[PDB]
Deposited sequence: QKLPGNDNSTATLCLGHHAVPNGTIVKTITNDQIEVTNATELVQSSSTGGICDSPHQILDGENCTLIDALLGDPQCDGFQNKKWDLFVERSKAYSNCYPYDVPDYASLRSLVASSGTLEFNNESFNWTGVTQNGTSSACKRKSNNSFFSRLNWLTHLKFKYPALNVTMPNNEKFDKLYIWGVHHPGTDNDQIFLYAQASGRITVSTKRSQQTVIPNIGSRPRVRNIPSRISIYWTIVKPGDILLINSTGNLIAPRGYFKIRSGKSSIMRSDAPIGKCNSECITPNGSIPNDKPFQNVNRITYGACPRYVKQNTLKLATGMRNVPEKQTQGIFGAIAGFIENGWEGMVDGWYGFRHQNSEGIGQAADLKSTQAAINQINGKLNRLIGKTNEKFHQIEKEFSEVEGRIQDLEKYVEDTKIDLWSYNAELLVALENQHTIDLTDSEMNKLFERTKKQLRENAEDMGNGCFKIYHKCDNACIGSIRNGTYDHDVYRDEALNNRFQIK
């Protein structure tokens, strides 16, 4: 007796978690949170982005007007979703630079189409085919006009359409490649010649090529699809003597945040900002390992499947006389992160220190605020999966994406290691500061026992201990008693 003990300490928990810092590959802390999103619901939420499910139609089929795609006429989207099951069911066609037409329409985000009255004097309009049935009748692409001879004549077409609007017009047109010379004459009444579609700023000349291709839906012929954008004040000129699959008008072309994604995920009635081909994913976390293909406010794609951010201090078991923080945590300290234990004339007691606890918690919450719920939006990007071998351009698309992902993965690894080191440092610092504050209060009335405790060399009852904890302890009151006890001969 005639003395008291005051220990400074911090909490510990029975179920700590392992994180990485700059100092340690593995260090156990009291708590952590995951920064890599690794699951999806598996459905694409239909809100808040405007989703257009292609069903059996690709975007290009919906553009040309395949009859199974008639329900898509004039629709808009933020995200057009193309399904793996999609198939063409009209005249067999190809699109030189298909990927680019798909991209530009996808990014435009609209199928709005305005009919125009082209002057097709001297030919038959509206050719149809049993390969393109609409309501069980022979038909054709809705937005295209198959012109054939009239009374066994096909006079040279030289047809104009000015753009007197204040917006751009996108024209889609085609060239028919007949299977045989017999079809050429049957359809156009004369041998094939070139088609030239021009503006003041552009020209495209295409040669029809007669010949059998392998039959697709029993058709050995083909249509090749082309496009032309016409600016305000410019003029579309179409020049042909046959084989022309004419436009019926133009598509509006807009700019904004629209895109296209390949996915078989079902569309759900729900709300989620981030879309991936695997489904929508929560965007609370800064990183994700679900898919490199994303649309909307999304976490950044990284290679790691987990990155744990420390949200508490180092977790240190209790050693099995009271003792302080030196190689020792306090599992029984449940109402604070830091505090005091004492032994005096009135017993052994514990109290949490609110200031130090709140200081650590505030700083941790600060870094959570920077990292959680702070994702940025991206929209139309580049393609990142490919169904065909292409060489140079695809090599570059792949390398650009690989490069980006490795750089982000590195940033994520370093960021978490740095933040975790800072959390360990700031929580260690709050303990050290509390110890030093207490040391300073006690002046010459106590000695440091080396275990995170002070031996107070005077009687220090519950109110006295509370005065130390509260910062109102007056060392002068006890100094005579303390010095006598400290510097006595034994």
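*Asks:* Which residue ranges of the deposited sequence are not present in the modelled coordinates?
*Replies:* The deposited sequence has unmodelled segments at 1-7, 328-333.
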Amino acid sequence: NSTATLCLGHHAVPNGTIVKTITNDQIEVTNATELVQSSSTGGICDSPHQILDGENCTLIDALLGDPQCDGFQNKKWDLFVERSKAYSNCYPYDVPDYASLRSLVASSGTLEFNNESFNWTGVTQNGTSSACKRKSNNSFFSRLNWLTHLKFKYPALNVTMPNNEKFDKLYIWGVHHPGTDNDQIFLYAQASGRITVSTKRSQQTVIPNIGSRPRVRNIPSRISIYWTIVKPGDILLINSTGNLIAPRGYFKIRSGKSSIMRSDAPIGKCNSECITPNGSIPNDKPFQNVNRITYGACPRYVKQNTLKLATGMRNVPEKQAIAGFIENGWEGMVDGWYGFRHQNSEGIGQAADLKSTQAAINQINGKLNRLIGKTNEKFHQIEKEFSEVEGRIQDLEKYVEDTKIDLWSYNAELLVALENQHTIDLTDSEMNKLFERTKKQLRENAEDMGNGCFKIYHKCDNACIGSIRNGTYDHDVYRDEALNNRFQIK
From here on, numbers count along this sequence of modelled residues.
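*Asks:* Looking at the deposited entry, does 328-336 or 274-282 carry the larger mean Cα B-factor?
*Replies:* Mean CA B-factor is higher for 328-336.
*Asks:* Do the CA atoms of 413-421 or those of 177-185 have the higher mean B-factor in the entry?
*Replies:* On average, C-alpha B-factors are higher across 177-185.
*Asks:* Name the one of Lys308, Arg213, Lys75, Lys384 with the greatest CA B-factor according to the PDB entry.
*Replies:* In the PDB entry, the greatest C-alpha B-factor among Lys308, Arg213, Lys75, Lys384 is found at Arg213.
*Asks:* In terms of recorded Cα temperature factor, pick the maximum from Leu104, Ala360, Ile195, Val302.
*Replies:* The C-alpha B-factor peaks, among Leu104, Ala360, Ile195, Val302, at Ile195.
*Asks:* Would you mind checking where the Cα B-factor of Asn451 ranks among the modelled residues of its chain, as the lowest, middle or highest third?
*Replies:* It belongs to the middle third of the chain when residues are ordered by C-alpha B-factor.
*Asks:* Just say lowest, middle or highest third for the CA B-factor of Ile468 relative to the other modelled residues in its chain.
*Replies:* Middle third.
*Asks:* Compared with the other modelled residues in the chain, in which third is the CA B-factor of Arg248?
*Replies:* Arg248: CA B-factor falls in the middle third of its chain.
*Asks:* Mind checking which third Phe141 falls in for C-alpha B-factor across the chain?
*Replies:* According to the entry, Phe141 has a C-alpha B-factor in the chain's middle third.
*Asks:* If you rank every modelled residue in this chain by C-alpha B factor, which third holds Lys398: lowest, middle or highest?
*Replies:* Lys398: CA B-factor falls in the lowest third of its chain.
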